[PDB]
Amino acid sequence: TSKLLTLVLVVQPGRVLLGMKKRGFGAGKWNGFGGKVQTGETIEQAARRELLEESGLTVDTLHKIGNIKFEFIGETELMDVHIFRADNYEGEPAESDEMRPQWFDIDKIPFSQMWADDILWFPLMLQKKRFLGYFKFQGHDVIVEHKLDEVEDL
C-alpha cells in the first residue's frame, strides 16, 4: 500500500516560502504546503486546494518537479509524495491553524528543522531538474538509504 500525498514549494528569485506545521504528522518541522489526495480527484487538484487552505495563496500553473516514495523500517505502508513548484501566485501568505508561513532566502533554508530528506532533493527542485527518488527511514529522523535521479537520466 502507498498513501498519496502532495507537496508545494512556492518559489521566487532567491527565496522559498515554507510553513511551520502546528499540529499532526511532522508538527514542529518547516515544509512546503500539502497533504493527502482524496479518492476521485487528481494529485494537482489536491495540491492547489491544500496550498490555499494552509497559506492563503492561489496559484495558476503548478509545475510537477518530483516524486519520492518513502519507506519506514518495520512499517508496512509507504508514502508516495508528489512535489510541485509554483513560480507565481495571487494573494499574500498568512498563518492558518495548520501552518505558519515564512520566506527564507535560498542560502538560509532551515534544513536542520525540516524533514531529513529535504537537504538532498532541494538542489534539484531549485534548479528545475525534474526528479524521482526512493528513501528508507529508520524512525522519523534517520535516513538509512536515499536514491535520487533526474528523470532525464532514466
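Start at 1 and count along the sequence shown; that's the residue number.
When 50-58 is weighed against 83-91, 83-91 comes out higher, by mean CA B-factor as recorded in the entry. Taking the mean C-alpha B-factor of each stretch as recorded, 16-24 and 140-148 are not equal, and the higher mean is that of 140-148. Within the listed group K69, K29, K128, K36, the record reports its top CA B-factor for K128. Among the modelled residues of the chain, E44 sits in the highest third by CA temperature factor in this PDB entry.
In this PDB entry, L9 carries a Cα temperature factor that places it within the lowest third of its chain's modelled residues. Annotation for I119: C-alpha temperature factor in the lowest third relative to the rest of the modelled chain, per the entry.
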